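Below you will find one chain, with nothing else, as structure tokens; this is the form deposited without the partner chain, and questions on how it binds or moves follow later.
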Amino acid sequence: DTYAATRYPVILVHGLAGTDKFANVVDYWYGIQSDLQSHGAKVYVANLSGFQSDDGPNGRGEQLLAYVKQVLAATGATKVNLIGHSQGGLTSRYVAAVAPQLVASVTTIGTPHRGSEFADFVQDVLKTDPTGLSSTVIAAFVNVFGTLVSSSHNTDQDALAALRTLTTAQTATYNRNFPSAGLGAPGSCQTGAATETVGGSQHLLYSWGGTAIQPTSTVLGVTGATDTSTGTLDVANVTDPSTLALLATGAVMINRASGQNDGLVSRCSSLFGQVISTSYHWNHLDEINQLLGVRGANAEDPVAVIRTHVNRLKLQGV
């Protein structure tokens, strides 16, 4: 029907990616491209595997720019609507920066705009252990990464490179080089503006995230955390391995003062443009309806949220 029939094509920009160029990427936004298409959206999913950072000369941002130009040629459209998850939001920021006239909006879904405390933690472990692996938490993350992408003769080094880009230092510098009206003050834990007229082009800036992992009590110097997406004996804890894994990574973050997170990105780091909500009982993969659609008892429907938003865009005139 036309519910999600925006004026400009929607491009879904994945974040967690492997190193193999010749990879497969349709099922990252699990069940989302089809749903959007059923509602009239013209949806394209970018594959940016084999590129690490966004701002190189031969990086993800330039790749995505390429893809945006291809989609436009294929559709006879003049602008696109970028929706990005995790690093995907950061590289959507790059294209809008670099080519204002081709972008109608930039939406962020759990993007570590001010980095990740878990990514920070990992860089410290690697000072001592180059493999990471003596930390069970890191090892948990590596297996989750692997399940979401695949072993393609490896999971290990890709998993780690994925977090490299996302450290507080790294994003600090990125933002310095790639200013957006959508970002608030460093350290304020507030957003910027909902729009931005860059190069005669106004941009609709949106974001949302999930704060399923909540801190609880400090005893003996350590502060607990709770997953608030699950119910007691939740099957999602067995059926989906990322559920507890991201509670573990999320607990590390909490003990590095992140303070409410999806287990990878904290609430404050997530904020960009018009924040639709950060109240979702989601951990980092529930956001993309992931690990094959399993969510805890209290997690909202990822697919409805994104669809409602693509309709929002239709109503805003993009």
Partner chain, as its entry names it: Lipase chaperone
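In this text, rigid core is short for the largest set of C-alphas that superpose within 1.5 Å between two forms. Positions refer to the first chain, counted from 1. Residues that one form lacks are left out of the comparison.
Student: Which wins on mean Cα temperature factor, 261 to 269 or 47 to 55?
Tutor: Averaging CA B-factors over each stretch, the winner is 47 to 55.
Student: Out of 64 to 72 and 250 to 258, which one has CA B-factors that are higher on average in the deposited record?
Tutor: According to the entry, 250 to 258 carries the higher average C-alpha B-factor.
Student: Of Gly209, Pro215, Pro100, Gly146, which one's C-alpha B factor is largest in the deposited record?
Tutor: Comparing C-alpha B-factors across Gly209, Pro215, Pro100, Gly146, the top value belongs to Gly146.
Student: Among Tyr94, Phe118, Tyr174, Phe141, where is the Cα B factor highest in this entry?
Tutor: In this record, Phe141 carries the highest C-alpha B-factor of the candidates.
Student: For the chain shown, is the CA B-factor of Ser105 in the lowest, middle or highest third of its modelled residues?
Tutor: Lowest third - that is where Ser105 ends up once the chain's C-alpha B-factors are sorted.
Student: Pull the Cα B-factor of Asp129 out of the PDB entry and bin it into the chain's lowest, middle or highest third.
Tutor: Highest third of the chain for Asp129's C-alpha B-factor.
Student: Quick one: classify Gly293 as lowest, middle or highest third of the chain based on its Cα B-factor.
Tutor: Middle third.
Student: Looking at the temperature factor on the CA atom of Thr2, which third of the chain's modelled residues does it land in?
Tutor: Within its chain, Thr2 is a middle-third residue by C-alpha B-factor, going by the deposited values.
Student: Give the position of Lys79 by CA B-factor within its chain, expressed as the lowest, middle or highest third.
Tutor: Lowest third, going by the recorded CA B-factors of the chain.
Quick note: we don't show the form solved in complex with the partner chain, though the next part is all about it.
Student: Run the contact test on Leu16, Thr226 and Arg267 with a 4.5 Å heavy atom cut-off to the partner chain in the deposited bound form and return yes or no.
Tutor: No, because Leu16, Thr226 and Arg267 lack any heavy atom that approaches the partner chain to within 4.5 Å in the deposited bound form.
Student: Against the partner chain in the deposited bound form, would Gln33 count as a contact residue? Criterion: heavy atoms within 4.5 Å.
Tutor: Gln33 belongs to the contact set for the partner chain.
Student: Is there any non-hydrogen atom of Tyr280 lying within 4.5 Å of the partner chain in the deposited bound form?
Tutor: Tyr280: contacts the partner chain in the deposited bound form.
Student: Even though the partner chain is not shown here, does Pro215 get within 4.5 Å of it in the deposited bound form, heavy atoms only?
Tutor: Residue-level check for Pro215: no, no contact with the partner chain.
Student: Quick one: is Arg256 in contact with the partner chain in the deposited bound form, heavy atoms, 4.5 Å cut-off?
Tutor: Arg256: no, not in contact with the partner chain in the deposited bound form.
Student: Of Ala248, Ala97, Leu183, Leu160, which residue is found within 4.5 angstroms of the partner chain in the deposited bound form when only non-hydrogen atoms are counted?
Tutor: Checked against the cut-off, the match is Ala97.
Student: Of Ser151, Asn237, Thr131, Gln202, which residue is found within 4.5 angstroms of the partner chain in the deposited bound form when only non-hydrogen atoms are counted?
Tutor: By the 4.5 Å heavy-atom cutoff, the listed residue in contact is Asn237.
Student: In the deposited bound form, which of 184 to 192, 238 to 246, 160 to 168, 112 to 120 comes within 4.5 Å of the partner chain (heavy atoms)?
Tutor: One stretch meets the cut-off, namely 238 to 246.
Student: For the core superposition between the shown form and the other one, please identify the residue among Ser151, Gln190, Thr173, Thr78 whose CA shift reaches 2 Å or more.
Tutor: Single residue meeting the criterion: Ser151.
Student: Has the Cα of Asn24 moved 2 Å or more between the shown form and the other one, judged after a core fit?
Tutor: It does, since the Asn24 C-alpha is displaced 2 Å or more between the shown form and the other one after the core fit.
Student: Quick one: with a 3 Å or larger change, is the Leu48 to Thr19 CA distance smaller or larger in the deposited bound form? Answer closer or farther.
Tutor: It is closer: in the deposited bound form, the C-alpha atoms of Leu48 and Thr19 lie at least 3 Å nearer than they do here.
Student: Where do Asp20 and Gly15 end up in the deposited bound form, Cα atoms closer or farther than shown, with a change of 3 Å or more?
Tutor: Compared with the form shown here, the C-alpha atoms of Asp20 and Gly15 sit closer together in the deposited bound form, by 3 Å or more.
Student: In sequence order, what are the runs of at least 3 consecutive residues whose C-alphas shift by 2 Å or more between the shown form and the other one once the core is aligned?
Tutor: When the rigid core is held fixed, residues 17 to 26, 146 to 154 are the runs that shift.
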